[PDB]
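Have a look at the structure below before the remarks.
Labels run A, B, C, D and E following the written order; every chain starts at residue 1.
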Amino acid sequence: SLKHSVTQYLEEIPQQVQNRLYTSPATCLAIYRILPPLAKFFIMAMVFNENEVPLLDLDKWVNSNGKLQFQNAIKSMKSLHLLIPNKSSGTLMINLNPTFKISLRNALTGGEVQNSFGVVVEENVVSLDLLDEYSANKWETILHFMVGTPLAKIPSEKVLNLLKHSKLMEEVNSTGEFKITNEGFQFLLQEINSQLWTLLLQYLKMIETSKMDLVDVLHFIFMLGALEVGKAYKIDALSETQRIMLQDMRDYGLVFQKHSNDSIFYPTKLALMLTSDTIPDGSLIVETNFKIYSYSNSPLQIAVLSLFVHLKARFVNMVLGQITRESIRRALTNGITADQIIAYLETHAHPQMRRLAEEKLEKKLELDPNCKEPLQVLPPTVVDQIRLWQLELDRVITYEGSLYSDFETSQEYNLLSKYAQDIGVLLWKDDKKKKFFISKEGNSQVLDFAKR
Amino acid sequence: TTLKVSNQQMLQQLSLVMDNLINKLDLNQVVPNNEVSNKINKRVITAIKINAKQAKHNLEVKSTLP
Amino acid sequence: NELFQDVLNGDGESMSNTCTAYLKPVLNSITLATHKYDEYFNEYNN
Amino acid sequence: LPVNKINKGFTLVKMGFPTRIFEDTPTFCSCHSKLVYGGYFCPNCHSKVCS
Amino acid sequence: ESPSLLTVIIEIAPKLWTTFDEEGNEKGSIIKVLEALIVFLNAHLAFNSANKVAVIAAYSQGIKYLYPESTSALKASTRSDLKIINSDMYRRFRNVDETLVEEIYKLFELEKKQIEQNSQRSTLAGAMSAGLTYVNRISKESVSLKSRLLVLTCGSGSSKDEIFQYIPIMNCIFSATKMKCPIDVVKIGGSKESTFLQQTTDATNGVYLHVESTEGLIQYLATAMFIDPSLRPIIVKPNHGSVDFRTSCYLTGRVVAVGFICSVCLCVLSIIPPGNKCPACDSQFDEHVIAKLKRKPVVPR
C-alpha cells in the first residue's frame, strides 16, 4: 500500500547506502515514522542510552498478547539495519545504529542539522490563493493526461518518459495515442498520497546516471515531506542534483517557483501530503437501468468516469451517464478488470445506497439469520452484467507457441511430453492423438534438446 | 498520620531560573553520561521483570493436578 | 494434616508442595480463627 | 433515590478493605472454590475473594 | 497506527522546587525537568505526525495552559520571538517548544509578581480536571483519537499527603476510566509513597514512577512513560510497589483496617465516633447497633 512500498524500497537499498542515508536528521525523522509503533517505542527506548541493550530485555518488555507483533517489529529491525546484533559472553545483545541514533537525537534535542530542514526567508504568499491551486492545476493536468482526455496543455517530456518507462502508459507511435494499463486504473483508484509514493518510487527506480545521486534524491524527498506549507525556502544548501530536482518537482507539482532559475521555492500541500494522510464529490448513483447520476463538478471525476461510462450530459452538479455495453468493452480493451470497476463504484457510492444496504441486510438477517451476506451497496444485477461483459471478452483465449506430433513410438512422445512438463512449458499432451503443445518461450529449449 | 523556606531564597532561586532560562536553553544536556543511564535502565528492567513475573498469568485455570 | 500426608507417601514431594500451596489460604484462615478463639478464651480466663 | 426525613436508619456499617495479593501459584478461592491466580485477602479472616 | 494526544500536567511551584533544590546537591532542577519535558514532547511529536500535545502548569495561584498558547496571544502575534531555542531545528518541534518556553517565561514573571502571597492550597487536582476536559474536547472534536495524561508532580520531602485532594482526583480517575485515558505519574521527591497518585495510576491503567534525581529524566520518560495508547495492552507496565487501594480515617487519620462508615455520607471511621454522631454528616445514631458493635464476641468458659 503506502508504508509497505516505501519499506520494501528501503530494504532494496544496500546497507552502506542506508548508512550514508542516515546522516541527516530529516530522513531519519521521516523513516522513524514508517516503523511499527512497537518498533518506534523500542527506538525511543534505545536512543537515549549509550550502551547496548540485550534482546532478552526487549523480549521482557512485550506482553504475551502481542509477542508475534514484537517479532514483526524485530523483523523490521532486522530489515532496515537499525540494530547491530552482537554475540558477547554467550548473549545476543542489541546496539542501536550509531549514525541513526546520533542523527535522531540531533533531530529531537536540536543542534547541528547542517540545514537539513531548510530555512525561511520571510517572504511568503498565502497558500490558498497561489500554491493550493498551483499544485491542484499541476496534478489535474498530469492526471488528465493520465486519463487520456484531450487537453490544450500537455506537461514536459520528462514526465512523458517517466510514464513511458513505467509499467503503465503503454505506447504506440503508428496510431498517435497513449494506452492506459490495468496498473493505470489501479493508480487512479488509490488515494493521492499513495499516488505520490508510487510516482516517486518509480522515478527513483528510473534514475541511475551521474546527473543526480540516490542519497540526494532520498534526502530531498524526505525533506519535502518534512517541510511546512505556506513558508518559502532558499536554495544554496541544496545540491545541483537538488536544483534540477526542484525543476523536476516543479514540473510534477510538488513545489512552486514563480520563475525558472529563482532562489526561493514554495512547498505545496502535496509535499505535506507526502508523509501521511491529513456528500463527497464524485459520489454517483447507479440504478438497475444502468444509469449514472454523479455529483461531480471537477473535470477529473468526469474524465475518469468517461473511461467506462458513456456519459450523456453534464450540469454544474450533475453528470448524466449510462453503463452501456460498448463503454465496458472500451474499458476491458484498456485492460481495466471488472473487479477494479466494482471497487471504484462501491467506494464512490452514494450514502443512500449504504443506508439502504443496511436496511436490506437487516431484512436479510431477520429473514434468513442462518447465513451472513456482505453489504451489497450496489444492486447485484448491474454487478452481474458488468462481470458478464468482463467474461465475454475472454471467452476465447489463444496461446501462441508450437505443436509437436508425428511420433512413430509412444515412448519418445512420452519422454518429450514429460521433458516439456518438467520445464513448465507444456499446455496440452495427448497420447491417443499423439500431440503436445509448448509455449513460445520454451520452444528453443525443446528444440536444442531434440537437436542434441 | 502513621521544611520552612523564606521568600528571599525563593525569589533568588526564581531569578537563577530566569537567568538560566534566558541565556541558552541547551537541550542536549539531557543526555546521561553512560552510567546513570545504565543504572536507570537496570532499575527499569528489574521492575518490569517483577511485573512480568507477576502478570505472566492471571472458568478456572488448568492445573497439573489429576 | 492427613491430606498433608496423603500426598506425602503418594507422589514423594514432587506433588505435595502443589497441594500444600493450593490449600494454604484456607489453612491460614482456620489457623487465625482458632488462634483468635484461643486468645479470647485465655483473655476471659484471666 | 432521595430518602425522606422521617427515616432514622442512620446506621454504621462494619466493613473491611481487602488487599490485592500477588502470587504465582493458584489457590482455592473462598467464594467459588476454584483456581484463581489473583485475589483479595480479606482483612478480617485472611480468606481470599474473586470479585 | 492510531494518532494520540499527550497532555502533561506539570506541577511547577517555587516553594516545592526550592525545597527540592535545598534537599538535592544540585541547583536549578526545574531547568533540568523542563529540558527533559521538552525533549520528551519532541519525542512524542516524532512518534506520529498526527499526534497532538498539551501542557498545563499548576502554580500556587491556580492553573495555566502552556501549549497551545492563550488564543488572544496567538491572535495578537505583535512580535515576541524570544531566542530561547535555536531556529534551525524541525519546525513542528520548534513551534511547540517556543510556545512552551514563552509560557514558562510569562508564568514565572506572573508568579514573581505574586510572590508575596503564600498559598496553602495545591492546584494539581484542578489541573488534572482541566487536562481531562481538554482530552474530552480533542476526543469529540476530531472523529477517533486515543489519549494519555502525564503528571510531573514534586513533593520534595516537604508537602505530605493532603486530604482535600482525595475527592477531586478520585473523580478524575473515573472520568479517565470513562474515556480510556491513562493517567501517568512521575513524582520527583523524597516521599517514596504517595498514596493518591498511585491509586490513580493503578486504577487508570497507567504507570507510576518515583525518582529521586532530576538528572537523566529523559531516559526515564522515553523508557517507561513512552507507552503510547496504541500499544498499551501489548506492553507490560514497569509500575513496582502495587498500591493497596485503602483510605484514611476521618477522626484519627491513620490508614484503616476493618472499619466503620455511616450510611449517609460514606466517611470512613476507624473507631466509633464520640457522642454517637457522625463527624461529617452530623447525623444522630441509634444506640442499638453501636451497642451491638461495641459488644464483645462470645467464647465459652
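The criterion applied here is as follows: a contact is a pair of C-beta atoms (placed from the backbone, for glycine too) under 8 Å apart; a residue touches a chain by one contact, two chains touch by 3 or more.
Steps from subunit A to subunit E, minimised over paths through touching chains, total 1. Across the two candidate interfaces, D-E and B-D, the one carrying more C-beta contacts is D-E. Centres computed as Cα averages put subunit B at a distance of 43 Å from subunit C.
A separation of 15 Å divides the Cα centre of subunit B from that of subunit E.
Taking each chain's centre as the average of its CA atoms, subunit A and subunit C sit 70 Å apart.
Counting only residues that touch two or more partner chains, subunit B has 27, 30-32, 37, 40-41, 48, 52, 55-56, 63.
Residue numbers of subunit D whose C-beta contacts span two or more other chains: 22, 26, 35. For subunit E, residues that reach two or more other chains under the stated contact definition are 39, 85, 218-219, 223, 236. Subunit A makes touch with subunit E in their complex at residues 25-26, 29, 32-33, 36-38, 40-41, 44-45, 47-49, 60-63, 65-66, 69-70, 104, 107-111, 113, 115, 117, 119, 226-228, 275-276, 278.
Here subunit C touches subunit D in the complex through residues 18, 21-26, 28-29, 32-33, going by the rule given at the top. Taken in their complex, subunit E has these residues touching subunit A: 1, 39, 42-43, 46-50, 85-93, 218-219, 222-223, 226-228, 230-231, 233-236. Partner subunit B is touched in their complex by these residues of subunit D: 22, 24, 26, 34-38. Subunit E meets subunit B in the complex at residues 14-15, 17-19, 21-23, 27-28, 30-32, 35-36, 38-39, 84-85, 101, 104-105, 108, 111-112, 115-116, 118, 157-158, 213, 215-220, 223-224, 236-240, 252-254.
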